[PDB]
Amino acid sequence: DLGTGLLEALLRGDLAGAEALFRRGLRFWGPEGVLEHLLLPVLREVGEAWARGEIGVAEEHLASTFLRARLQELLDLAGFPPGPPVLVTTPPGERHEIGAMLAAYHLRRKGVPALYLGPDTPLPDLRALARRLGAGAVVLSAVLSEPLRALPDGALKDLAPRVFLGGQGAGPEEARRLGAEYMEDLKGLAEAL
């Protein structure tokens, strides 16, 4: 019920209602749970409604901007330990950022200093920041497959000592082609580190 209620509140511009329903989900499912059982299903349904032609981009934007804000709050409430950061972003041309934010969140919740950069970072710039910050790892979220298919073989090799790639747009073959370690589960990311 909270998912439908939340989507409906957003689609009618009822931010207060949407906030109350999100907080309810947080209290019931917990931090990781609200993301899996509320934030993610609502975003999926928004995307499907858009793809079906039922809503425009403005409705989609409204819901995503709201949910991004909520996730950013949770991100900031997680610990940020000292020590070599893990840089988190998306490939050049990838502007879906919530998957990356989720990765940063799960890492921080497990005591890893994940620096979320925002999406869509050119690889030379990403490499330079990693080298300058002594980053132990880089993590990339790919929602679309096209930004990965545009990259040359081995492009993600050595962005940092460890490079992880995951998301709906990514598969093990593409990761291998690009020279990244493929990760299927957000919970396996912390383990790998």
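The first residue of the shown sequence is 1; numbering continues from there.
Participant: Would you mind comparing 155 to 163 and 59 to 67 for me and telling me which has the higher average C-alpha temperature factor in the entry?
Facilitator: Mean C-alpha B-factor is greater for 155 to 163.
Participant: Of the two stretches 184 to 192 and 2 to 10, which shows the higher Cα B-factor on average in the entry?
Facilitator: Per the PDB record, 184 to 192.
Participant: Kindly indicate the residue among 139, 42, 130, 49 with the greatest C-alpha B-factor in the PDB record.
Facilitator: Each of 139, 42, 130, 49 was compared by C-alpha B-factor; the highest is 130.
Participant: Sorting the chain's modelled residues by C-alpha B-factor, tell me whether residue 102 ends up in the lowest, middle or highest third.
Facilitator: For residue 102, the deposited C-alpha B-factor lands in the middle third.
Participant: C-alpha B factor of residue 143, ranked within the chain: lowest, middle or highest third?
Facilitator: Answer is middle: the recorded C-alpha B-factor places it there.
Participant: Residue 78: which third of its chain by C-alpha temperature factor?
Facilitator: It belongs to the lowest third of the chain when residues are ordered by C-alpha B-factor.
Participant: Quick check on the deposited entry: does the C-alpha B-factor of residue 33 sit in the lowest, middle or highest third of its chain?
Facilitator: Its C-alpha B-factor, which the entry lists for residue 33, ranks in the lowest third among residues of this chain.
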